[PDB]
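Secondary and tertiary structure notes
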Amino acid sequence: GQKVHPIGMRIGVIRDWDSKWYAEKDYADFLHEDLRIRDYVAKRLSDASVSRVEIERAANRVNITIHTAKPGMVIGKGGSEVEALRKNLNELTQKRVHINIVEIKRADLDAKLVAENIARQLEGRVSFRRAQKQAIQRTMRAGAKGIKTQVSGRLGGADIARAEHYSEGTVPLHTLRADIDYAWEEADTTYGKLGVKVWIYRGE
RNA sequence: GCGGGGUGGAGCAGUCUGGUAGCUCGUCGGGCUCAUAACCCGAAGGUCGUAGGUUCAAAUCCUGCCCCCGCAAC
RNA sequence: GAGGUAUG
RNA sequence: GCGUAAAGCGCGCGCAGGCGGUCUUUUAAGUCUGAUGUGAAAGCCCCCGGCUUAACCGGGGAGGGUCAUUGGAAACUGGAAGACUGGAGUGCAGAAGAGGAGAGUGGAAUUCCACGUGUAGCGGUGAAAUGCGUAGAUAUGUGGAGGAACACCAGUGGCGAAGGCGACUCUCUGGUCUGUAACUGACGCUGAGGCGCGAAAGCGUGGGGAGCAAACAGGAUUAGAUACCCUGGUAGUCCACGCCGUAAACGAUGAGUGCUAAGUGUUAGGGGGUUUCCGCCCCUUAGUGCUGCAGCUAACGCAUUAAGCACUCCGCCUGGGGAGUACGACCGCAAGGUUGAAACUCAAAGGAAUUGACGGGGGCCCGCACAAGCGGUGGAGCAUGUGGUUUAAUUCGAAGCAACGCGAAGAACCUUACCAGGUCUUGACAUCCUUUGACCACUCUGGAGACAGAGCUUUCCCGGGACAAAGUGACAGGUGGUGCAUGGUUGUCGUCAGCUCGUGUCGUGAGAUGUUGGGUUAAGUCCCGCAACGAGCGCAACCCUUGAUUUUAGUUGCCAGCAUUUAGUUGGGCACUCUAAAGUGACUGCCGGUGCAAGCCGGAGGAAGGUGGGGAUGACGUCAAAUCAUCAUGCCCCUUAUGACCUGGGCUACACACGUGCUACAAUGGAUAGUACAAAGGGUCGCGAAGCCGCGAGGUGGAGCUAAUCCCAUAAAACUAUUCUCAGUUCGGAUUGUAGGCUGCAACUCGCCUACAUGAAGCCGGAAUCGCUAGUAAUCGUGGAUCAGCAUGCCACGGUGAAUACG
Ligand SMILES: [K+]
Ligand SMILES: [K+]
Ligand SMILES: [Mg+2]
Ligand SMILES: [Mg+2]
Ligand SMILES: [Mg+2]
Ligand SMILES: [Mg+2]
Ligand SMILES: [Mg+2]
Ligand SMILES: [Mg+2]
Ligand SMILES: [Mg+2]
Ligand SMILES: [Mg+2]
Ligand SMILES: [Mg+2]
Ligand SMILES: [Mg+2]
Ligand SMILES: [Mg+2]
Ligand SMILES: [Mg+2]
Ligand SMILES: [Mg+2]
Ligand SMILES: [Mg+2]
């Protein structure tokens, strides 16, 4: 069959939407502003392990919280990275900006991060067995009560495609008391695109 | 030259007894079926070889021609 | 458990 | 190697040959052994040497014979002379038997003949019909004729070499088993080549011929039916004699001997213990069957009736097909049989077993699947979509369920990708370089416009920043392709209850187990049991909504107790609603019955009872299902054009077919008037009030409202009155003409709505076919999105409100 996006199934249930504001007459403007913002962030901070972005609006200021595993790149030895960010984001938004940077602990408990790991591996021509399995073991060591992954594409350069999925632990997608994380990431290959999907069942 | 004939696409009636378009197969359409066939439901398709006559009216009665199948002639 | 009495 | 894969003659009688019980003596045919002689050289093999090594060459040795002669051994085979008995056979005492041939005999029972009674059918099928029958059946009784086979007994029971043999009696005959140890003393096992027997069909001659019955005839069936099916019916079937000599002739398993656990029937015998025989028990022989240990087997399975362990003998196999054919021979009256190839061709053929799928196989369970019912489609008109067609173009995609009111939640231009025309090429759209800086905006002219000519006029801001004109190549761009390279998204089986896995165990193994079974449940839900124990995905539940209620808060909502207003109005108050946060409650939780238990049925309380109702929620995977036209995307292709702009056109065509819907075909109705009760929703340059003008569509106007305040917004069906009186109608409302209104630059192609007139088809829908089990179907209006305008479509809303479920 076809599965529902297990995040979308849980918005307004146990997860809060990431784009947080109220608006009227300003809604589309703020939305597409913040989509441009996420494009900027993903474009210039894919390397930095950026994995979640929550937006906030009040008093015209563009408040942001970037949850990342390595802060030391978003900030760090210079102190000028976040200032560059708010400068260019001022140029876009035509507003004020402020940017908190949160440290994620257990970076292998975020499906987005894990999917980027696997995707960079598969672009570097690593085996799609070892990739999935090592990501799984890293999660279950990092503290996941459940893990699941799959890859679909021209696996290994085939003509015909298929899917390879592997799971440890309890991963119930029909339960909603589940705190599940999910992600989909894309890898490029000289043969074509590979779709990596991940989802994690977490502690409490 | 002598016999048969020429009527929807095919085969056959109906002509002798002027008004009557028929039987079987087929065709087209719609159903049944995953699709074709079969089956069920409806419909179309012939101015009766042709040109003239007679008649109120001709597939039908009269005449000439043109074709096909046989038989003769060659 | 055994023996018999239309098509693709 | 021969049960099932190729392979046991169909079975016997038996010449030849092969093989042969125990012991003593004799030999030395075979066997074994010492000696001598030879088996040439070259070559293989080993050891040395020589050619620059190697190849090659030389020297020497060794090996090699079912070799021969001579001399020795007697264990085994063989020959010879004796002896013995467990084999083999005769005798003796018993027992069974459908063993065979002949002759005769019995009664059931089918048919036929005659005669009574006797009246209109009988027969047969899925329905029939052909056929028999008033010239008298069918049936019923009596009597008679003729033939064929022999119920019960009768049984994986008997016998036989096999084929096969069933009514009884007699005659003539064969073989088997049991006991004895009398008799002979290995006389035996097999058995090529021969000889005979040998189901049924069939052949020749002559009888018989009742039934059944190939062929055949007629009737049905069918698309056709040279068939199944029906009614008739010749050969035959039966006998005598003689041929034929085949078989799924099968236990698909050659004859013989011995050995290697058991349990149990059954047949024919014997022996013994006990007991009044009877009866029970045990031991044993030859059969016949069931189940099973070892062992064998690819497995299935065989298993003292081996497919085990061993020996003798025979027959047969060597991939499938051609081919059991051809030539040839033998046999045969013939039909044909026995023996038995090749060329050529294939890359497999095949056996057993496993997993599924399927089944005009079975069983159990479920779903609007049927059935029961309600209302519909197919018929008419229109809207929409699709096909075919015609078109300059009629963009592209979707195609059984799972395409076709689908992408499109809006085709006038734009959209729009297509067509015609007119144009541009670093471009309509981005980065990097170089020059410059506001770029531009508005007017005029030629224009269909894009676009060209001019003008007026471009203020960049503090080297930097942001955007901009021109050069300039790198690049751009492609709704160009491939959804059979892809991602992601989606339907679908199916919200069906199933799909799997770790460890363990069984199996050579694939695979199985678990996951089956007995119950139960909506559910691989849950219990009991089990070589499995457990887990994961799913199911359920957690979520939202509806259904009752407590506390909080009472305005923009409510109005009871109160006054008062045209108005719940104003004051006042949250009583009650309403709103919406946190709680409660419904969990088989309790009682009765039954179950062992899970659970099932009933009962109570309560608003709600049995996952309360409804949602979302869609497992591994199937259809290489759809999507390169949402997006991204590998490869390929175009890149002064498959790219880009503008105008106009087409996507709305029209002989015709399908789907989906709207409108109706009327009296449970229509026209006219009055008139009660909704929910869910939307609104800022948007909703748009009141009042007014206009028949009306609408115009005017601008109140109030960024909204529980105000508006969109009379809700319509319902009800009440009057009329129409069952009619192609005051039904129906198309189509067309004229005139209006909106929207938008613009309404011909090609919008919607109004007024007047016209008044079309249609008087309940062929074969077929669809939704629905409850506030559902049906029916009525409302709202929202998209949207300037453009809906019978889509998604939500409430109003009214059924029928039925045997199964
Ligand atoms: K005969
Ligand atoms: K037999
Ligand atoms: Mg006539
Ligand atoms: Mg078939
Ligand atoms: Mg065989
Ligand atoms: Mg020599
Ligand atoms: Mg015979
Ligand atoms: Mg029904
Ligand atoms: Mg219709
Ligand atoms: Mg099309
Ligand atoms: Mg596909
Ligand atoms: Mg396609
Ligand atoms: Mg569920
Ligand atoms: Mg396909
Ligand atoms: Mg269209
Ligand atoms: Mg029922």
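Chain by chain, residues are numbered from 1 following the written sequence, and this numbering need not agree with the entry; no residue without coordinates is displayed. A letter from A marks each chain and a number from 1 marks each ligand, given out in the order of writing. Summary scope: the chains shown constitute part of a larger assembly, and all values are computed over the shown part. For the side-chain quantities, the full set of heavy atoms in the structure was used; hydrogens and water were omitted.

Per the deposited record, the coordinates in this entry were obtained by cryo-EM to a resolution of 2.9 Å.

A few words on the protein's contact with RNA strand D. In this text, near means that some heavy atom of the residue lies within 4 Å of the molecule or strand in question. Taken together, 30 residues surround RNA strand D, and among them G1, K3, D159, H174 and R177 come closest. Close to the protein, within 4 Å, the atoms of RNA strand D are drawn from sugar and phosphate at a rate of 77%. Pairs of N or O atoms within 3.5 Å make up the polar contacts considered here, provided that, within protein, one atom can donate a hydrogen while the other can accept it, and that residues adjacent in sequence are counted only when both atoms are side-chain atoms. One of the backbone N or O atoms of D159 is found 2.3 Å from a sugar or linking oxygen in RNA strand D. Contact between RNA strand D and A161: a phosphate oxygen at 2.9 Å from a main-chain N or O atom of the residue. Helix numbers and strand numbers start at the N terminus; a helix is a DSSP run of H or I with at least 4 residues, a strand a run of E with at least 2. Taken together, the elements giving at least two residues each to the surface near RNA strand D come down to strand 4 (146-153) and strand 7 (193-201). A total of three residues in the surface near RNA strand D trace back to one element, the largest contributor, which is strand 7. Residues are grouped as follows: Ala, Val, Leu, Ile, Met, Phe, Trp, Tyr, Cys and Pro are nonpolar; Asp, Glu, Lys and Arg are charged; all remaining types, including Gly, are polar. Broken down by class, the residue content of the surface near RNA strand D amounts to 11 nonpolar, 11 polar and eight charged.

Right, let's talk about the pattern of salt bridges for a bit. We define a salt bridge as a side-chain nitrogen of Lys or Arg found within 4 Å of a carboxyl oxygen belonging to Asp or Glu. Scanning the model with the defined rule gives 12 salt bridges in all. Of the charged contacts in the structure, one is a salt bridge between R15 and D181, with a shortest N-O distance of 4.0 Å. In this pair, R15 sits in the segment before helix 1 (27-44) while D181 sits in strand 6 (residues 181-188), placing the two residues 166 residues apart along the sequence. Burial classes follow relative accessibility: with a 1.4 Å probe on protein chains only, a residue under 20% of its type's maximum area counts as buried, one over 50% as exposed, and anything between as partly exposed. In this structure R15 comes out as buried when scored by relative accessible area, which is 18%. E33 is paired through a salt bridge with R57; the nearest N and O atoms lie 3.3 Å apart. Of the two residues, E33 is situated in helix 1 and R57 in strand 1 (residues 50-58); the sequence distance between them amounts to 24 residues.

A word on the environment of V74. With respect to the helices and strands, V74 occurs in helix 2 (residues 71-74). In sequence terms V74 and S49 are 25 residues apart; their C-alpha atoms lie 9.4 Å from each other. Contact between two residues is taken to exist if any of their heavy atoms lie within 4.5 Å; hydrogens are not considered. Not counting chain neighbours up to four residues away, the residues in contact with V74 comprise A48, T68, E81, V82, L85 and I101.

On to the packing of helix 4 (residues 111-123) against helix 5 (residues 128-142). Only the stretch in contact is used when a helix axis is fitted, and all axes are lines through C-alpha atoms; the angle between N-to-C directions ranges over 0 to 180 degrees. Two elements in contact, helix 4 and helix 5, have axes separated by 10 Å at closest approach and are oriented at 155°. The angle between helix 4 and helix 5 places the two elements in the roughly antiparallel class. You can see that helix 4 and helix 5 cross each other, and the crossing is right-handed. Along its contact with helix 4, which presents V114, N117, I118, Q121 and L122, the element helix 5 presents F128, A131, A135, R138 and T139. Classifying every residue of the contact of helix 4 with helix 5 by side-chain character gives six nonpolar, three polar and one charged. Throughout, the term roughly parallel applies to angles under 35 degrees, roughly antiparallel to angles over 145, roughly perpendicular to angles from 65 to 115, and oblique to all others. Handedness of a crossing follows from how the near helix is turned relative to the far one, being left-handed for an anticlockwise turn of less than a right angle and right-handed for a clockwise one.

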